[PDB]
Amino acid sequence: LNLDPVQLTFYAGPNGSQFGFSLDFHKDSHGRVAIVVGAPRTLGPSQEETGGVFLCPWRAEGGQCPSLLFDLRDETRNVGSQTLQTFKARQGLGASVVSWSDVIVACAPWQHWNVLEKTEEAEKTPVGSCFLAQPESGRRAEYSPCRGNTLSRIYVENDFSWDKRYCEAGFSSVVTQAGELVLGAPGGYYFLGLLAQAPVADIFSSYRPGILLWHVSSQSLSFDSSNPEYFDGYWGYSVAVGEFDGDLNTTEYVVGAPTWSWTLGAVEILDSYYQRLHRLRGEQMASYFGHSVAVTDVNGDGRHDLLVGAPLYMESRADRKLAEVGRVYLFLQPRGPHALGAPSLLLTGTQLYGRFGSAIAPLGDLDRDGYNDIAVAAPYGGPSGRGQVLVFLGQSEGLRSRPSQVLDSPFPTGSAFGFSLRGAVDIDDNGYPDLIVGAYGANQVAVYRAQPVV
């Protein structure tokens, strides 16, 4: 409603770096808000794509941002009569970024890994990896929970059980308020998908450079399965956290599996022990139900509500014809211990191939009326197909069915405006929460400031 679409702020990165593929607000030890931006195709030292991370200070004029530097050299360790190898070429550093306290977590889901023992090998596979930084102090740490030293022959004998070689950890990421990093790995367990959790403090204390294989004892990984419903389900494509079991001491996990049960798609809500509390099934096959998940209380009852995006949903139209437009599902948490029922509200896109629901960002309370609001991106929507971000306001009964404000892309065609979103943080300290929108196709980020209601 009250986002300013006239005076925007533009941050930009190198050409072809996919600057803006992932972003988040970052507060330093003094509460000064900045913007961390991931650019997963930034060039490295050997003139090869390795990804990169930028930390943009808040300026109304925007512009260029300094780099948040990480180690981009491939590592080799000859230990235990084995050879450990990391490969950072085309790893995609910055394909996901997230901030918690004064720490930034930027991940490279396609960092490869292999272990050589004589003529055998573990196989060169993308286990993924995440880099952790404390910018004010310069501290650095890494976390790669799917690195192993088991040789290829063993996986074949045991029928590829507990095969974390293709995790792509850091594909999606989130941090609990308590400080526990939760990584989504959609390729874990031979593309079933797994989650990796570990306290941020223990990641730093247990990391030393060059070890490559080290134990993080407080970590917790989800479990393999022999149920074909989970096969090729990409469990962990998207991740989020919230409070769903009525116990404020436990933190619950929300996991998106957009190809679950033969491309039906699913979203599951679990406790911190990965025990399943609820499961939301997709409405239509190949709609990628679970591509994006978001958790916020939209109806002002204090109970977190769940939003799920299916950007490839084909809407039914006249003459028995379907039209891919995308769809968003709203689930209101019931009072006390009860299962989430049918969706309270269905928001369906309008533009063909618009992918309405590719990203869903909680905005906090935008218009300051007591109800939290959201933003839904259609990165190829709008009458021109350049992209659109639509704001839906909270109400006592859920959300408004019609948008209060639509943000047309200020970028050219193909910018994927809205592919990444983040809100609910006041960056200019004016009392209203603001919105940052990524357009990696144009290597730029747009900042929309919220203003008093007109």
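Don't overthink the numbering: it's just position in the shown sequence, from 1.
Higher mean CA B-factor, judged across 233 to 241 and 138 to 146 from the recorded values: 138 to 146.
As the entry records it, the average C-alpha temperature factor is higher for 222 to 230, out of 354 to 362 and 222 to 230. Within the listed group 376, 347, 306, 339, the record reports its top CA B-factor for 339. The residue among 250, 292, 372, 96 whose C-alpha carries the highest B-factor in the deposited model is 250.
Split the chain's modelled residues into thirds by C-alpha temperature factor. Residue 447 is in the lowest one. Residue-level temperature factors show residue 200 in the highest third of its chain, judged at the C-alpha atom.
When the CA B factors of the chain's modelled residues are split into thirds, the value for residue 327 lands in the lowest one. Ranked against the other modelled residues of its chain, the C-alpha B-factor of residue 268 as given in the entry falls in the middle third. Residue 177 sits in the highest third of its chain by CA B factor, as recorded in the PDB entry.
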